[PDB]
There are 2 protein chains.
Amino acid sequence: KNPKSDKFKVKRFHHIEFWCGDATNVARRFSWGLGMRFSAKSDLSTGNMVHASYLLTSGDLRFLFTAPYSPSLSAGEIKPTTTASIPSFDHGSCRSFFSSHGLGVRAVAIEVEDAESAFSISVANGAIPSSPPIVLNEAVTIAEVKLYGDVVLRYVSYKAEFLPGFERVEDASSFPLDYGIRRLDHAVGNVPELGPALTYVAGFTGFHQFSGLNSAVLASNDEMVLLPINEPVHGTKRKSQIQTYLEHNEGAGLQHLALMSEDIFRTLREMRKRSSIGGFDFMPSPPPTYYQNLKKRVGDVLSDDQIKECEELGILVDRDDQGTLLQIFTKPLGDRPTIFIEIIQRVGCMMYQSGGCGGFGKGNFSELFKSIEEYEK
Amino acid sequence: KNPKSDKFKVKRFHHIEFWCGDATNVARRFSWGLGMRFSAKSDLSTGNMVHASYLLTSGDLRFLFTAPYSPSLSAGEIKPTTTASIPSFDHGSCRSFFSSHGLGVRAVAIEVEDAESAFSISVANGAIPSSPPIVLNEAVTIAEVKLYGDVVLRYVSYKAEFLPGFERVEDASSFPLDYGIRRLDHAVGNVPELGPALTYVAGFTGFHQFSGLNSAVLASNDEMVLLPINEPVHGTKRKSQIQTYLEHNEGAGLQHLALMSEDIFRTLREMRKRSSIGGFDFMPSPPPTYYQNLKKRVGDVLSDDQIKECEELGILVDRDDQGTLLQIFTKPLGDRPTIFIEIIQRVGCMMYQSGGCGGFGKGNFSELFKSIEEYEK
Ligand SMILES: CCCC(=N)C1=C(O)C[C@@H](C[C@@H](C)SCC)CC1=O
Ligand SMILES: CCCC(=N)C1=C(O)C[C@@H](C[C@@H](C)SCC)CC1=O
Ligand SMILES: [Co+2]
Ligand SMILES: [Co+2]
């Protein structure tokens, strides 16, 4: 049941912005670990005296890494005369965010038809404003509202390059890495209380509802923008990983980003080759019993060769009534046990592919526990 | 003339500590870009609730990357009950350092015979104390005094692993990268006023004296610990790069680290292969006229094949009366035009090799200007 109740026209995920202490080092690490190219910059060399911002791309996936310069470089500026390319940026906010949360996602950005209208309608419907609409070079409009914690939902709309003031990166500095990642599939928040969080966000967007935790997913009209939200469940034997997140993150924030691959086997081969030479580490693989049990569940979708390929790469498999999901999770991206990445590929629900085909892997809670007990043997 | 006036027994450079916002991402980037292995850690997985610290090694070179966790994780602790492995660490100091300077060197650490005695004698001779001697596990003593800006000189002494509380890194996470770097040759500070800086440091150590700037080098008795210091020269047509450093760094700090390679050609081949895939970029190469003029200066030390190999890698060559120096400089390591790295190899002054063989490249100021004018042609 999709009531198509979006209060404004949403298109697709546009970009994710990380707030960093040093954007250069984080962007270089992510580029090598994920196979994303350097594609745009806004920094001192482009006349930005306020913040350093570096854009990585893989397919339609856009990761932005931003860090503040010394406020002394821009002490003479006022907002009307700013050299910042992202007018919502604030030195104090950025330093406070990073000191409080460490490395993490500041903005989940979605492309909309009219960012000024989306902002107005959102705020009229309960959204807490964060940055009012600003028109950039008469070409792009950006606005921001609070999503959860210190994470903002950023609206971007184009009348017709990434943003005005960003320069394309010289091909010499731009090496064409590509491990197969193509777009953001969903972005997941952790909050202390799921009920109020859902009511707030669904309140101002009109998005509809699509062990250790309770969870729910908000979706846009075509269900291509997907925003799951988790809350902890207290009292269990093993401490809730959602609660661990909230403690180490100092409150609510973005938990994980799910990146769709057009060939998850190639992506995971390439990422695992680089885990120990600057890239990303992966969660421990499920036991061999999990992969023996895959024949009964998905033996009609994957060959036995494709199933053993899942086993050597540590990939998880789940299935609902509509499609099948291949997924795997990285270890945390930074010092704190907070944000991590999921790599996914979906098979089925062809019409293009419909959003959320195969679900989000909820069936792997019981399947992993069963395989861990069965492999104890 | 070496008067051998060290006021305490100094051995060698021991390690360099960077203060970071996220130690994981910086350490992974540096490991891949420089070919250093992950060798020790102190973090949540080792029981450290205060800071995340990761040690990289190449030969005798030790780079330490440290970042603070949320102070809430350790709110119940006091110094007597701390889980920090580096007792001098302070959340407030680290956050203030990184907000003020961005990514940079906090500590230049030297091994001494007795850190408690070196601290006492230093402070008795004008050193500004930073952290008093602390004995770790009855095995290692650490103490710190101010060097310049917010950089400290750290004394380390061993009675007989890196530091107590650090754990060796599991070989799976430890990939044996090595591009040929073997030790720290010298570490260079930028200050507003050279005279007072020299008087202060030479005052408390007893170290002896060994365009756009004035400079001088302080050295230990065997001249294996080398600490050059720069000051700007104002008024020139081209603005002093020392002054640019001080503005973007918000004052004095460490300008560059010079890393000795046992095979600079191999090091530069390996580093240049990775410049655009997560590693480090290099300053623009000198014109071909510079390399034509190399035959007259060093044609008796390097073959013409070895000289063309310098040319394809962009290596600089200088020579004093005692030896010859091969060197090259990276672009800045992070967002700000502040800290960078020099790769060097020295030929000559065999006895072992004496410290500072070939100087520091001062002759390349005139040689580059001459080659740039000659190549204008
Ligand atoms: C926020 C909820 C939506 C969502 N994205 C989500 C996840 O990705 C994690 C899945 C759990 C197991 C795969 S974890 C064991 C390796 C289930 C799930 O529901
Ligand atoms: C602090 C001074 C000691 C020192 N380390 C030092 C440097 O490394 C830079 C050298 C200058 C040219 C190579 S720069 C043009 C590429 C000269 C020099 O004196
Ligand atoms: Co997910
Ligand atoms: Co040097």
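A quick note on method: Cβ atoms are made from the backbone with ideal geometry, for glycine too, and the neighbour counts reach across all protein chains shown. Each value in this text was obtained by applying a stated rule to the coordinates, not by laboratory testing.
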Completion exercise
With a Förster distance of 30 angstrom and the Cβ-Cβ distance between residue B:60 and residue B:297, calculated FRET efficiency to the nearest 0.05 equals 0.45
Handout entry: Peptide-level mean, for A:66-76, of C-beta atoms on other protein chains within 10 Å
Key = 3
Practice task
Evaluate E = 1/(1 + (r/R0)^6) for residue B:372 and residue A:377, where r is the Cβ-Cβ distance and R0 equals 56 Å; express this FRET efficiency to the nearest 0.05.
Solution key: 0.15
Handout entry: Cα-based reach from residue B:362 at 16 Å (exclusive), listing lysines while leaving out same-chain residues under 8 positions away
Key = B:370
Problem - Cα-based radius of gyration of segment B:187-288 once divided by 2.2 N^0.38 Å, which approximates compact folds - result: 1.29
Practice task
Starting from the exponent 0.38 and prefactor 2.2 Å, build the expected Rg for segment B:276-331 from its residue count and divide its actual Cα Rg by it.
Solution key: 1.21
Exercise for the section: Mind running the shape call on segment B:334-377? Use the C-alpha gyration tensor, a ≥ b ≥ c as the square roots of the eigenvalues: rounded below 1.5 for a/c, prolate if a/b tops b/c, oblate otherwise. Expected result: oblate
Exercise for the section: Grab the eigenvalues of the alpha-carbon gyration tensor for segment B:181-376, scale each by 5, take roots, and send me the semi-axes largest first in whole angstrom. Expected result: 26, 21, 18
Practice task
With a/c under 1.5 counting as rounded, go ahead and sort segment A:144-239 into rounded, prolate or oblate using the C-alpha gyration tensor (a ≥ b ≥ c being the square roots of the eigenvalues; past the cut-off, prolate if a/b is larger than b/c, else oblate).
Solution key: prolate
Fill in the blank from the handout: The set of residues whose placed amide H lies less than 5 Å from the amide H of residue A:185, leaving out same-chain residues fewer than 5 positions away, is A:258, A:259, A:260
Handout entry: Of all DSSP beta bridges in segment B:181-376, antiparallel share, percent nearest 5
Key = 80 percent
Completion exercise
For residue A:9, counting only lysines whose alpha-carbon sits under 18 Å away and dropping same-chain residues fewer than eight positions off, the answer is A:159
Handout entry: chain B: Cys lacking any partner C-beta under 4.7 angstrom
Key = B:20, B:94, B:310
Practice task
Sticking with the crude label model, points 7 Å out along Cα→Cβ, report the distance from residue A:83 to residue A:128 in nm, one decimal please.
Solution key: 3.4 nm
Exercise for the section: Return the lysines within reach of residue A:273: Cα separation strictly under 20 angstrom, same-chain partners fewer than 8 residues apart disregarded; answer none if there are no such residues. Expected result: A:308, A:331, B:273
Handout entry: Environment charge at residue A:164 (Cβ cut-off 14 Å; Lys +1, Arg +1, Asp -1, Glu -1)
Key = 0
Completion exercise
Going residue by residue through segment B:217-228, the Karplus relation 6.51 cos²θ - 1.76 cosθ + 1.60 with θ = phi - 60° gives ³J(HN,Hα) values, rounded to whole Hz and with x marking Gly or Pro, of 10, 9, 9, 6, 4, 7, 6, 9, 9, 10, 10, x
Completion exercise
In Å, the Kirkwood estimate of hydrodynamic radius for segment B:10-173 over Cα pairs equals 16.1 Å
Handout entry: Charge sum, other residues only, whose C-beta stays under 11 Å from residue A:311's C-beta, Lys/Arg counted +1 and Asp/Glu -1
Key = -3
Problem - Part-to-part distance (alpha-carbon centres) for segment A:29-86 and segment B:324-366, which is given in Å - result: 31 Å
Exercise for the section: Find the eigenvalues of the gyration tensor of the Cα atoms of chain A, then list the square roots of 5 times those eigenvalues as equivalent ellipsoid semi-axes, largest first, in whole angstrom. Expected result: 35, 24, 20
Problem - Magnitude of the charge dipole, chain A, Cβ model with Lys/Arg +1 and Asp/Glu -1, debye to 20 - result: 380 debye
Problem - Reference-scaled alpha-carbon Rg (2.2 N^0.38 Å with N residues) for the protein assembly as shown - result: 1.02
